[PDB]
Amino acid sequence: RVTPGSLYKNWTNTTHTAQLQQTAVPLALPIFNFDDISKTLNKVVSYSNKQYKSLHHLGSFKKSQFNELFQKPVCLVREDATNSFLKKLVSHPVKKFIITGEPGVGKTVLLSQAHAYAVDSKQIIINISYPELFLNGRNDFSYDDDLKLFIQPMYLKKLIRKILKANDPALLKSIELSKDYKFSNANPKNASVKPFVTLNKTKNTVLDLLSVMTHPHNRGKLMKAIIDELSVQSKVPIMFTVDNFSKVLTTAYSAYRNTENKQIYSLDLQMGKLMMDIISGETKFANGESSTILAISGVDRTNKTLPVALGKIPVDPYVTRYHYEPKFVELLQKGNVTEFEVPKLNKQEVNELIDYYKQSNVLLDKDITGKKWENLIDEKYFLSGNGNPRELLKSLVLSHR
Amino acid sequence: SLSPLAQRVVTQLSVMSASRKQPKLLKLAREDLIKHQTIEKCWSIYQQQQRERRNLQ
Amino acid sequence: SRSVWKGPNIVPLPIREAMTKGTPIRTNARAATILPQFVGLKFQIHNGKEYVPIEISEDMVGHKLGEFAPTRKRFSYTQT
Amino acid sequence: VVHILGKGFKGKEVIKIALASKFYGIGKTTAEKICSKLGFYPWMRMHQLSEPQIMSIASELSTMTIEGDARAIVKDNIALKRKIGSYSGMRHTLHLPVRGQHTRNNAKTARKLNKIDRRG
Amino acid sequence: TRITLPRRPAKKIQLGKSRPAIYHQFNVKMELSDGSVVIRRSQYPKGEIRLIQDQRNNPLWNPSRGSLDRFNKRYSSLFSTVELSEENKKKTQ
RNA sequence: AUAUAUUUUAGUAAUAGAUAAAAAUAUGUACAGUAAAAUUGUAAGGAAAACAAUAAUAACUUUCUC
RNA sequence: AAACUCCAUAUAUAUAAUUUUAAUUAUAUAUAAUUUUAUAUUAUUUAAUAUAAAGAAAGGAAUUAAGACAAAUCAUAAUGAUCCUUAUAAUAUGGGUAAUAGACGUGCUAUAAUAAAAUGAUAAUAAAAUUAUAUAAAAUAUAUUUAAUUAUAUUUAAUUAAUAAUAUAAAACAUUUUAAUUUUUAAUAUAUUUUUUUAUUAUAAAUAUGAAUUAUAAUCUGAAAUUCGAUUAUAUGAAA
Ligand SMILES: Nc1nc2c(ncn2[C@@H]2O[C@H](COP(=O)(O)OP(=O)(O)O)[C@@H](O)[C@H]2O)c(=O)[nH]1
Ligand SMILES: [Mg+2]
Ligand SMILES: [Mg+2]
Ligand SMILES: [Mg+2]
Ligand SMILES: [Mg+2]
Ligand SMILES: [Mg+2]
Ligand SMILES: [Mg+2]
Ligand SMILES: [Mg+2]
Ligand SMILES: [Mg+2]
Ligand SMILES: [Mg+2]
Ligand SMILES: [Mg+2]
Ligand SMILES: [Mg+2]
Ligand SMILES: [Mg+2]
Ligand SMILES: [Mg+2]
Ligand SMILES: [Mg+2]
Ligand SMILES: [Mg+2]
Ligand SMILES: [Mg+2]
Ligand SMILES: [Mg+2]
Ligand SMILES: [Mg+2]
C-alpha cells in the first residue's frame, strides 16, 4: 500500500534520502580553496563542483547532519578549527592526524574540508566513512589462503568503486604499475573466452587495475595489489581517511564467526588489518604529502584505549580488554598520531552562521521579527553550550518549543 | 476414504495375505520329476530306517 | 541434598535385614533418595494415612520414596 | 521458496533465526553454531543461499538430533515417568499442572496440553 | 459404532489351485547372553541379533551356576558392601 | 555417480482348504463329513466370552525292521 | 470544627578545626502568613472580580465527635457463663492448609514501530533506608575464546556506620536492529541523496511479538525441597 512519491522511511532516513533539498533558495556563496583562505577566512563557503562530486562519492556528507536545509552541503572556514588543521597538515613531517572533540563539534565537516583540499591539490583519496559496515557482520566474508586474513568481498567492491569514482581519472591513470597482476575474470562478456585478466608492468595503469572485476575470492587479492601500487607510487599524494574510527578502536572483535563458534578479531580481517597497517609506520607511502586523517564519532562507544594512545592518561594495566585494548594503542604509538582537538565556535562565528541561516531562510519568525540581533545571538550561544554547532543548529531549527 | 490407522491395518493384512506376493508354480521336466521322486523316496526310506533303529534301541 | 555435590539424600533404614529375608521396610521418610543398593526390596512408604506397598524397580533409582505414595485422593465433582 | 530439510522458508528470512523458528531441536545458540560451521556471515538471508550451501545445512541438520527425534525423547521421558507410579507421571496422565502449581484457578494451559503424547 | 474394514468380493481359489502360504523368511543368528549362537528362521530382516536377558543368564534356568546408570554417573566422585553397612541400622522400622 | 527418455512395478484388503456346526444364497445336482452336552485346564476371563483336550484296535493292506 | 502538632518551605543564630564533609550539608533554637496593601468595576460601611507592589510564601500527614449498625474480633490478649479433665489437655513422625467441574473478586504479564530489544568505564542524573540472630567489596574459577554482561562457586577487604558495604539508580538522551511490509534484501550497472539514489533481474492472519506449558542438566537455602521452595542453562514456544 505504498507509492513511489510517498515517504515510507523513518524521520532521519527520510531527511537524508527524500530530496527536500529540492525546494531551497539558490545561494551565490564563495568557493572553498586553501590557496585563497585569506579572502574567505571566517565566512560560509559552498564547495566547488568537482569537490562536491568527489566528496559525495567518498561519503563525506552524512545523514544526521542538516545538509537538507540548503541547496547543497555547506561549511564555513574557521581560523581556530579548520584553517589551523590544514596548516598543520601542510607543514608537519609525519602528516598523521586523529580529529577529536565533543559530539556535534564538527569532525566530519573537518574531514570533508580536508578531502576538498586534497581534491584541489591533485591528490587521491581513499575514504572509509563508517567502518561499522566492514566491522559489524552484515555482508559476506571468506578466509583467504594466500593472505592470512578474512576478506569481505561485498564491502571491498564498494570501496574500490568509491575510490574509482571519487578521484579524477587523469591523476589516477598517471601511475604505471610496479608489478604484473593476474586476476580471475568476471565480466558478462568474455567469460568463456578470457578466463583470466592480466595487467602488465609499464603498459597497464592503476585506473585499469581499479576497473578489474573478479570473483569474490580474488577481490581481496585485487585490493591488496591496489594498496601496494599506491604505496609504491611517488607521483601523486594519497590521502587515507577513516571517520567513526572510535567504533574501530572499541569494536576490537567483529561479529563474524570462524569455523569454530567464536568471534573473529578485527586485525584478523582484511580491511581492519589493512587500515591498521596504513595508520602505523608499515605500509609507508613513497610520496610526501600522503596523509592519514582519522575521525572520532560521539555516536560510538568511549573507553580507555584512545586516551591511553594519546598523551592523556597513564597506562593502567589492570583495566579489561573490553575497556582497554593495548595492541591498538601500541599500533597508534608506532605511527606517530598527533591528535587534533576541534574547538567549539566563537561568538563571532556563531553570529556569522546565524546570519547565513537567515539569508538562506531557515530562521523562524519568532527569532527574526521583534527581537534584537545581538541578544538572539547570545541566546543561541547559551543554548548551544557556548558554540556546539550541531546543538546550535538544533536550537535554531528543530526546537519548536 | 481411509484413516492412517486403517491404512496401517491394511498393510498388516497384506503382509499375511497371498495377494500378488507369490511366484509361479514349480514346473518340472519329466526326467527332473523322476529325479525328485527318487530323492524323496530314498529320503523317506532313510527316515523310516532311522525310526526303526531308534525304536529298536 | 539435591545438588549433585553433597548428594545423595540418605536416611537410616532396616535394609540389610530386608535383603537377608523378605521383610518389607515401613518407611515414614518420604524424602529418602532411592539407591542402587535397594532395588528389588519391598518398601511400605507412608501416605499420611496408610502405608503404601511398593517394589522398587531399576527405573526408580534417582527418585524419592514419597514420589510413589500419592497423598491426596483423585479429585472429582458431585454433579448435582 | 528456499526449501531445506522439508521445512519451507520465505526469502529475506535471516538464516539462523529462520532455523531457530522452524526446527524443533534448535534455538538461537545452536543455529549460530551451525552457521559458523558452514561459514555464513551473520544476518545472511535465506534467499542468498546457493544449492551446495543448502545441502551442507541439510547435512548439518541431519547430524544434529532434531525435529521428530528430539520430540520423541521428550515423549519417551514422560512415558517412563508414567510407567513408575510417580506423581509427575500421574499429573501428566490426568492433564493437570506438573510443576508444583496451584489449580484452584488458572490451570487451563496444563489441561489443554499436559498429555502423555505431548508435542504437536 | 463398531470400527471395521468393509470386505470386497472374495477371490475364488479353485479346488486344486490352492497354494500353501510360504512366507519370506531369513536365517537369523541369535547370540544368547553368553557366546552360544543359534540359527532360527525369522520373518523380520535382521541376519544377526545378540540378546542381553536370556535363559542362559537367568537364575531360574541355571541355579547351580537408564535411571540407575544416570545415578551412577552423577554420584561417581563419592563412589556411593561398606556403604550399606554404614547406612543400615535395623532398630527403627 | 548423476541427467533425460521409454517402460515396469506400488491401487498394498483377508478364503490357499472340496473349507465341514461363527456368521452369510432357504429351490437343483455332484462329492465329502459329523453334531451336542458335560468334564479337565488355560492372559485379562469371573456361573456366563475364546482355544485345547476327553470310548475301543481284534483282524486286513502297504511300508520299514529284528 | 478551627488553632496549637508533625513533615516540607524561607530567613536568622549556634555547632562541625570543611579527612565521619554532603557546608550545594545536618540539627537544635527562634522568626515567618488562616498573608498584606492600594486603584478601579459591579452590587449593597463592606464583598466578589480585575489590575498593581510587597513577599520564599504553595502543599501533605496526624487528628475522623455524639449516637447508631446487637457491624468486625472470645484465633493478639484477657474475663463472665457454659462444656472437656487418660482428654476437647501434652509430645513426636508423616500428611494437609498448595486438592480442582463451573463461578467470583483483586493483581501481574502480555497482544510490536507516537514501541520493543543490543550497546553506552575519564562510568548522565536521585532519594529514602538497612547492615553483632550481620551487609559482603574487590579479585579469581566455571557457564562462555577473547572481555563485558548475567548467574553461581572460591574468599572475606572494609563498617557494626554521616566514616565501609547493600548500590556505577532507571527511565532519559545517542547509535544499531526490528516481522507483519517486493515499505526489504543482493547481482549487475548507475551518480553532485554514496551509513544513500535510480534502472533491470531474482527475492511467494501469531513474528526476529508473547512467554504459558513441559523435558533434561546444573546451582541456592536448609538436617530435609516427593507431595511443596528459589535461581541459571539448553530445548519446549498455549492463549492472546
Ligand atoms: N565545523 C563546522 N561544523 C558544522 C558546520 N555546519 C554544521 N556543522 C555541524 O557539524 C556536525 C558534525 O559533527 P561530528 O563531530 O561529526 O559529530 P559526531 O558524528 O557525533 O562526532 C554536524 O552535526 C553539523 O550540524 C560548519 O560550518 N562548520
Ligand atoms: Mg561522526
Ligand atoms: Mg524452534
Ligand atoms: Mg565539603
Ligand atoms: Mg483539627
Ligand atoms: Mg462517632
Ligand atoms: Mg457486635
Ligand atoms: Mg453480631
Ligand atoms: Mg470466654
Ligand atoms: Mg471461634
Ligand atoms: Mg486465649
Ligand atoms: Mg490432645
Ligand atoms: Mg490459602
Ligand atoms: Mg513490543
Ligand atoms: Mg549510567
Ligand atoms: Mg563483586
Ligand atoms: Mg558509605
Ligand atoms: Mg520472544
Ligand atoms: Mg492462537
# chains A, B, ... in the order shown; residues from 1 in each chain; ligands from 1
$ interface_residues --of "chain C" --to "chain D" --cutoff "12 Å" --atoms "only C-alpha atoms" --output "PyMOL selection string"
chain C and resi 52-76
$ residues_near_ligand --ligand "ligand 1" --cutoff "9 Å" --atoms "only C-alpha atoms (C1' of nucleotides) and all ligand atoms" --output "PyMOL selection string"
(chain A and resi 43-45+62+64-67+73-78+81-82+99-111+243-244+295-300+342-345+353+388-394) or (chain G and resi 174)
$ residues_around --residues "residue 15 in chain D" --least-positions-apart "5" --cutoff "9 Å" --atoms "only C-alpha atoms (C1' of nucleotides)" --output "list in words"
residues 20, 31, 35, 40, 42, 43, 44, 45, 46 and 49 of chain D
$ write_last_selection --atoms "N, CA and C atoms" --output "short mmCIF file (atom, residue, chain, number, x, y, z; two decimals), in the first residue's frame"
data_model
loop_
_atom_site.label_atom_id
_atom_site.label_comp_id
_atom_site.auth_asym_id
_atom_site.auth_seq_id
_atom_site.Cartn_x
_atom_site.Cartn_y
_atom_site.Cartn_z
N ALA D 20 16.07 -21.47 13.81
CA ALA D 20 15.56 -21.48 15.19
C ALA D 20 14.04 -21.56 15.24
N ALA D 31 21.73 -22.67 16.20
CA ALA D 31 21.65 -22.12 14.84
C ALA D 31 22.89 -21.30 14.47
N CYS D 35 25.70 -22.10 11.59
CA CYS D 35 26.11 -21.06 10.64
C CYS D 35 27.62 -20.85 10.62
N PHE D 40 28.53 -19.03 6.99
CA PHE D 40 27.67 -17.95 6.52
C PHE D 40 27.91 -16.74 7.42
N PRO D 42 26.81 -13.62 9.60
CA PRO D 42 25.58 -13.42 10.38
C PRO D 42 24.69 -12.37 9.75
N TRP D 43 23.37 -12.55 9.87
CA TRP D 43 22.37 -11.75 9.14
C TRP D 43 22.40 -11.98 7.62
N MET D 44 22.87 -13.16 7.20
CA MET D 44 22.70 -13.61 5.82
C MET D 44 21.28 -14.15 5.70
N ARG D 45 20.68 -13.93 4.55
CA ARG D 45 19.27 -14.20 4.32
C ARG D 45 19.13 -15.55 3.63
N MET D 46 17.93 -16.13 3.69
CA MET D 46 17.68 -17.47 3.16
C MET D 46 17.75 -17.51 1.63
N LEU D 49 21.36 -18.15 -0.12
CA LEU D 49 21.96 -19.48 -0.09
C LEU D 49 21.99 -20.16 -1.46
#
$ closest_atom_pairs --of "chain E" --to "chain F" --cutoff "8 Å" --atoms "only C-alpha atoms (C1' of nucleotides)" --output "CSV"
residue,atom,partner,partner_atom,distance
E:7,CA,F:13,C1',7.5
E:8,CA,F:13,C1',7.5
E:10,CA,F:15,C1',7.0
E:11,CA,F:15,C1',7.5
E:12,CA,F:15,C1',7.7
E:13,CA,F:16,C1',6.9
E:15,CA,F:18,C1',6.2
E:17,CA,F:16,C1',7.9
E:18,CA,F:16,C1',4.2
E:19,CA,F:16,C1',4.8
E:20,CA,F:16,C1',5.6
E:21,CA,F:16,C1',6.9
$ select_by_dssp --residues "chain C" --states "strand (DSSP E or B)" --output "CSV table (one decimal) with N, CA, C and O atoms, in the first residue's frame"
chain,number,residue,atom,x,y,z
C,25,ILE,N,10.1,-52.9,54.3
C,25,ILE,CA,10.6,-51.8,55.0
C,25,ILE,C,9.5,-50.7,55.1
C,25,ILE,O,9.2,-50.0,54.1
C,33,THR,N,16.3,-40.5,49.2
C,33,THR,CA,16.6,-40.9,47.8
C,33,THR,C,16.7,-42.4,47.7
C,33,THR,O,17.3,-43.1,48.5
C,42,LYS,N,11.2,-54.6,49.1
C,42,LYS,CA,9.8,-54.2,49.3
C,42,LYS,C,9.7,-53.1,50.3
C,42,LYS,O,10.2,-53.2,51.4
C,43,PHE,N,9.2,-51.9,49.9
C,43,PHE,CA,9.0,-50.8,50.8
C,43,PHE,C,7.5,-50.6,51.0
C,43,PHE,O,6.7,-50.9,50.2
C,44,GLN,N,7.2,-50.0,52.2
C,44,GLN,CA,5.9,-49.7,52.6
C,44,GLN,C,5.8,-48.2,53.0
C,44,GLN,O,5.9,-47.9,54.2
C,45,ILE,N,5.8,-47.3,52.1
C,45,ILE,CA,6.0,-45.9,52.3
C,45,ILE,C,4.8,-45.2,52.8
C,45,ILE,O,3.7,-45.5,52.3
C,52,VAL,N,2.0,-47.6,52.1
C,52,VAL,CA,1.7,-48.0,50.7
C,52,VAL,C,2.8,-49.0,50.2
C,52,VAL,O,4.0,-48.6,50.2
C,53,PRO,N,2.4,-50.2,49.8
C,53,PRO,CA,3.4,-51.2,49.4
C,53,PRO,C,3.9,-51.0,48.0
C,53,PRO,O,3.2,-50.8,47.1
C,54,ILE,N,5.3,-51.0,47.9
C,54,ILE,CA,6.0,-50.7,46.6
C,54,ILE,C,7.2,-51.6,46.5
C,54,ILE,O,7.9,-51.8,47.5
C,55,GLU,N,7.4,-52.2,45.3
C,55,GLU,CA,8.6,-53.0,45.0
C,55,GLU,C,9.5,-52.1,44.0
C,55,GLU,O,9.1,-51.8,42.9
C,64,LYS,N,12.8,-40.0,44.9
C,64,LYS,CA,12.4,-40.1,46.3
C,64,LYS,C,11.3,-41.1,46.5
C,64,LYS,O,10.6,-41.4,45.6
$ interface_residues --of "chain D" --to "chain A" --cutoff "7 Å" --atoms "only C-alpha atoms" --output "number ranges by chain"
D: 33, 36-37, 39, 41-43
$ interface_residues --of "chain G" --to "chain E" --cutoff "12 Å" --atoms "only C-alpha atoms (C1' of nucleotides)" --output "list in words"
residues 93, 216, 217 and 218 of chain G
$ residues_around --residues "residue 20 in chain G" --least-positions-apart "3" --cutoff "10 Å" --atoms "only C-alpha atoms (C1' of nucleotides)" --output "VMD selection string"
chain G and resid 161 to 163
$ write_last_selection --atoms "C-alpha atoms (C1' of nucleotides)" --output "PDB file, in the first residue's frame"
ATOM      1  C1'   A G 161      28.450   3.335  60.294  1.00  0.00           C
ATOM      2  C1'   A G 162      27.307  10.982  58.287  1.00  0.00           C
ATOM      3  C1'   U G 163      33.384   7.218  58.064  1.00  0.00           C
TER       4        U G 163
END
$ residues_near_ligand --ligand "ligand 17" --cutoff "12 Å" --atoms "only C-alpha atoms (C1' of nucleotides) and all ligand atoms" --output "ChimeraX atom specification"
/G:20,22,131,135,137,158-159,161-167
$ residues_around --residues "residue 33 in chain E" --least-positions-apart "3" --cutoff "8 Å" --atoms "only C-alpha atoms (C1' of nucleotides)" --output "PyMOL selection string"
chain E and resi 36+50-54+56-57
$ write_last_selection --atoms "N, CA, C and O atoms" --output "PDB file, in the first residue's frame"
ATOM      1  N   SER E  36      26.995 -68.489  22.979  1.00  0.00           N
ATOM      2  CA  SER E  36      26.328 -69.567  22.244  1.00  0.00           C
ATOM      3  C   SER E  36      25.407 -68.988  21.177  1.00  0.00           C
ATOM      4  O   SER E  36      24.417 -68.331  21.500  1.00  0.00           O
ATOM      5  N   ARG E  50      22.022 -60.106  18.961  1.00  0.00           N
ATOM      6  CA  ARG E  50      22.623 -60.540  20.224  1.00  0.00           C
ATOM      7  C   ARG E  50      21.707 -60.137  21.375  1.00  0.00           C
ATOM      8  O   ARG E  50      21.264 -58.987  21.455  1.00  0.00           O
ATOM      9  N   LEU E  51      21.417 -61.097  22.252  1.00  0.00           N
ATOM     10  CA  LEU E  51      20.448 -60.922  23.333  1.00  0.00           C
ATOM     11  C   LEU E  51      21.142 -60.627  24.660  1.00  0.00           C
ATOM     12  O   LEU E  51      22.245 -61.118  24.916  1.00  0.00           O
ATOM     13  N   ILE E  52      20.476 -59.830  25.496  1.00  0.00           N
ATOM     14  CA  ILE E  52      21.011 -59.398  26.790  1.00  0.00           C
ATOM     15  C   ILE E  52      20.447 -60.274  27.911  1.00  0.00           C
ATOM     16  O   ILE E  52      21.207 -60.884  28.666  1.00  0.00           O
ATOM     17  N   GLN E  53      19.117 -60.326  28.003  1.00  0.00           N
ATOM     18  CA  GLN E  53      18.412 -61.115  29.022  1.00  0.00           C
ATOM     19  C   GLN E  53      17.828 -62.389  28.414  1.00  0.00           C
ATOM     20  O   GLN E  53      16.820 -62.335  27.707  1.00  0.00           O
ATOM     21  N   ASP E  54      18.465 -63.526  28.702  1.00  0.00           N
ATOM     22  CA  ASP E  54      18.050 -64.843  28.199  1.00  0.00           C
ATOM     23  C   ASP E  54      17.963 -65.861  29.333  1.00  0.00           C
ATOM     24  O   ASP E  54      18.193 -65.525  30.495  1.00  0.00           O
ATOM     25  N   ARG E  56      20.070 -68.252  29.535  1.00  0.00           N
ATOM     26  CA  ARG E  56      21.475 -68.561  29.818  1.00  0.00           C
ATOM     27  C   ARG E  56      22.145 -67.581  30.803  1.00  0.00           C
ATOM     28  O   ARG E  56      23.280 -67.828  31.217  1.00  0.00           O
ATOM     29  N   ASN E  57      21.468 -66.482  31.162  1.00  0.00           N
ATOM     30  CA  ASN E  57      21.879 -65.638  32.303  1.00  0.00           C
ATOM     31  C   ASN E  57      20.799 -65.410  33.384  1.00  0.00           C
ATOM     32  O   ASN E  57      20.993 -64.587  34.283  1.00  0.00           O
TER      33      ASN E  57
END
$ residues_around --residues "residue 89 in chain E" --least-positions-apart "2" --cutoff "10 Å" --atoms "only C-alpha atoms (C1' of nucleotides)" --output "PDB file with N, CA, C and O atoms, in the first residue's frame"
ATOM      1  N   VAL C  11      19.065 -41.791  54.453  1.00  0.00           N
ATOM      2  CA  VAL C  11      18.327 -41.960  55.710  1.00  0.00           C
ATOM      3  C   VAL C  11      18.692 -43.345  56.278  1.00  0.00           C
ATOM      4  O   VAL C  11      19.010 -44.252  55.504  1.00  0.00           O
ATOM      5  N   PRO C  12      18.683 -43.511  57.622  1.00  0.00           N
ATOM      6  CA  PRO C  12      18.841 -44.865  58.184  1.00  0.00           C
ATOM      7  C   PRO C  12      17.593 -45.733  57.988  1.00  0.00           C
ATOM      8  O   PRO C  12      16.485 -45.271  58.262  1.00  0.00           O
ATOM      9  N   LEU C  13      17.786 -46.967  57.517  1.00  0.00           N
ATOM     10  CA  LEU C  13      16.693 -47.927  57.304  1.00  0.00           C
ATOM     11  C   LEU C  13      17.091 -49.340  57.762  1.00  0.00           C
ATOM     12  O   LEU C  13      18.278 -49.624  57.926  1.00  0.00           O
ATOM     13  N   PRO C  14      16.095 -50.229  57.974  1.00  0.00           N
ATOM     14  CA  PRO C  14      16.356 -51.654  58.176  1.00  0.00           C
ATOM     15  C   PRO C  14      16.515 -52.352  56.819  1.00  0.00           C
ATOM     16  O   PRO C  14      15.618 -53.067  56.360  1.00  0.00           O
ATOM     17  N   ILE C  15      17.670 -52.133  56.197  1.00  0.00           N
ATOM     18  CA  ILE C  15      17.918 -52.534  54.808  1.00  0.00           C
ATOM     19  C   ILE C  15      18.495 -53.941  54.743  1.00  0.00           C
ATOM     20  O   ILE C  15      18.040 -54.768  53.950  1.00  0.00           O
ATOM     21  N   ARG C  16      19.521 -54.187  55.556  1.00  0.00           N
ATOM     22  CA  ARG C  16      20.265 -55.443  55.496  1.00  0.00           C
ATOM     23  C   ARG C  16      19.386 -56.640  55.877  1.00  0.00           C
ATOM     24  O   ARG C  16      19.475 -57.690  55.245  1.00  0.00           O
ATOM     25  N   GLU C  17      18.518 -56.455  56.874  1.00  0.00           N
ATOM     26  CA  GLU C  17      17.574 -57.499  57.296  1.00  0.00           C
ATOM     27  C   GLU C  17      16.546 -57.819  56.205  1.00  0.00           C
ATOM     28  O   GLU C  17      16.166 -58.976  56.027  1.00  0.00           O
TER      29      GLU C  17
ATOM     30  N   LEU E  84      26.533 -49.754  52.548  1.00  0.00           N
ATOM     31  CA  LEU E  84      25.306 -50.381  53.050  1.00  0.00           C
ATOM     32  C   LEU E  84      25.381 -50.624  54.553  1.00  0.00           C
ATOM     33  O   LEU E  84      24.446 -50.301  55.283  1.00  0.00           O
ATOM     34  N   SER E  85      26.500 -51.197  54.991  1.00  0.00           N
ATOM     35  CA  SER E  85      26.769 -51.453  56.413  1.00  0.00           C
ATOM     36  C   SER E  85      26.709 -50.179  57.252  1.00  0.00           C
ATOM     37  O   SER E  85      26.142 -50.175  58.348  1.00  0.00           O
ATOM     38  N   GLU E  86      27.308 -49.112  56.724  1.00  0.00           N
ATOM     39  CA  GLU E  86      27.297 -47.795  57.365  1.00  0.00           C
ATOM     40  C   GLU E  86      25.882 -47.247  57.548  1.00  0.00           C
ATOM     41  O   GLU E  86      25.532 -46.781  58.636  1.00  0.00           O
ATOM     42  N   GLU E  87      25.080 -47.317  56.484  1.00  0.00           N
ATOM     43  CA  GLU E  87      23.722 -46.765  56.469  1.00  0.00           C
ATOM     44  C   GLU E  87      22.656 -47.865  56.496  1.00  0.00           C
ATOM     45  O   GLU E  87      21.840 -47.978  55.578  1.00  0.00           O
ATOM     46  N   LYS E  91      17.078 -51.010  63.961  1.00  0.00           N
ATOM     47  CA  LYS E  91      16.277 -50.824  65.175  1.00  0.00           C
ATOM     48  C   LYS E  91      14.923 -50.209  64.832  1.00  0.00           C
ATOM     49  O   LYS E  91      13.877 -50.763  65.173  1.00  0.00           O
ATOM     50  N   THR E  92      14.961 -49.063  64.151  1.00  0.00           N
ATOM     51  CA  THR E  92      13.750 -48.354  63.732  1.00  0.00           C
ATOM     52  C   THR E  92      13.152 -49.004  62.484  1.00  0.00           C
ATOM     53  O   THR E  92      13.864 -49.252  61.508  1.00  0.00           O
ATOM     54  N   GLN E  93      11.848 -49.279  62.525  1.00  0.00           N
ATOM     55  CA  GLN E  93      11.133 -49.881  61.395  1.00  0.00           C
ATOM     56  C   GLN E  93       9.629 -49.643  61.506  1.00  0.00           C
ATOM     57  O   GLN E  93       9.036 -49.840  62.568  1.00  0.00           O
TER      58      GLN E  93
END
$ residues_near_ligand --ligand "ligand 11" --cutoff "10 Å" --atoms "only C-alpha atoms (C1' of nucleotides) and all ligand atoms" --output "ChimeraX atom specification"
/G:74-78
$ closest_residue --among "G:82, G:156, G:175, G:100" --to "chain C" --atoms "only C-alpha atoms (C1' of nucleotides)"
G:100
$ residues_near_ligand --ligand "ligand 6" --cutoff "10 Å" --atoms "only C-alpha atoms (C1' of nucleotides) and all ligand atoms" --output "list in words"
residues 64, 65, 66, 67 and 68 of chain G
$ atom_distance --atom1 "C1' of residue 64 in chain F" --atom2 "CA of residue 28 in chain B"
29.3 Å
$ residues_around --residues "residue 102 in chain D" --least-positions-apart "5" --cutoff "10 Å" --atoms "only C-alpha atoms (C1' of nucleotides)" --output "PyMOL selection string"
(chain D and resi 96-97+107) or (chain G and resi 98-100)
$ closest_residue --among "D:66, D:98, D:14, D:79" --to "residue 114 in chain D" --atoms "only C-alpha atoms"
D:98
$ residues_near_ligand --ligand "ligand 16" --cutoff "9 Å" --atoms "only C-alpha atoms (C1' of nucleotides) and all ligand atoms" --output "PDB file with N, CA, C and O atoms (P, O5', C5', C4', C3', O3' and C1' of nucleotides), in the first residue's frame"
ATOM      1  P     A G 136      23.783  -7.960  51.043  1.00  0.00           P
ATOM      2  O5'   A G 136      25.291  -7.666  50.622  1.00  0.00           O
ATOM      3  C5'   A G 136      26.286  -8.704  50.600  1.00  0.00           C
ATOM      4  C4'   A G 136      27.668  -8.102  50.682  1.00  0.00           C
ATOM      5  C3'   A G 136      28.707  -8.739  49.763  1.00  0.00           C
ATOM      6  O3'   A G 136      28.646  -8.103  48.490  1.00  0.00           O
ATOM      7  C1'   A G 136      29.533  -8.700  51.977  1.00  0.00           C
ATOM      8  P     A G 137      29.690  -8.480  47.333  1.00  0.00           P
ATOM      9  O5'   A G 137      30.759  -7.305  47.432  1.00  0.00           O
ATOM     10  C5'   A G 137      30.343  -5.926  47.441  1.00  0.00           C
ATOM     11  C4'   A G 137      31.546  -5.013  47.423  1.00  0.00           C
ATOM     12  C3'   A G 137      32.567  -5.290  46.326  1.00  0.00           C
ATOM     13  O3'   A G 137      32.133  -4.680  45.114  1.00  0.00           O
ATOM     14  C1'   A G 137      33.679  -5.067  48.401  1.00  0.00           C
ATOM     15  P     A G 138      32.813  -5.074  43.723  1.00  0.00           P
ATOM     16  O5'   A G 138      34.215  -4.322  43.801  1.00  0.00           O
ATOM     17  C5'   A G 138      35.284  -4.648  42.897  1.00  0.00           C
ATOM     18  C4'   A G 138      36.585  -4.805  43.650  1.00  0.00           C
ATOM     19  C3'   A G 138      37.596  -5.734  42.994  1.00  0.00           C
ATOM     20  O3'   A G 138      38.330  -5.012  42.019  1.00  0.00           O
ATOM     21  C1'   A G 138      37.457  -6.193  45.325  1.00  0.00           C
ATOM     22  P     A G 139      37.227  -6.600  39.600  1.00  0.00           P
ATOM     23  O5'   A G 139      38.157  -7.615  40.403  1.00  0.00           O
ATOM     24  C5'   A G 139      39.586  -7.447  40.425  1.00  0.00           C
ATOM     25  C4'   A G 139      40.281  -8.671  40.975  1.00  0.00           C
ATOM     26  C3'   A G 139      39.861 -10.020  40.400  1.00  0.00           C
ATOM     27  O3'   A G 139      40.175 -10.172  39.010  1.00  0.00           O
ATOM     28  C1'   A G 139      39.931 -10.199  42.735  1.00  0.00           C
TER      29        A G 139
END
$ interface_residues --of "chain B" --to "chain F" --cutoff "10 Å" --atoms "only C-alpha atoms (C1' of nucleotides)" --output "list in words"
residues 7, 9, 10, 11, 12, 13, 14, 15, 16, 17, 18, 19, 20, 44, 45, 46, 47, 48, 49, 50, 51, 52, 53, 55 and 56 of chain B
$ atom_distance --atom1 "CA of residue 97 in chain A" --atom2 "CA of residue 85 in chain A"
9.2 Å
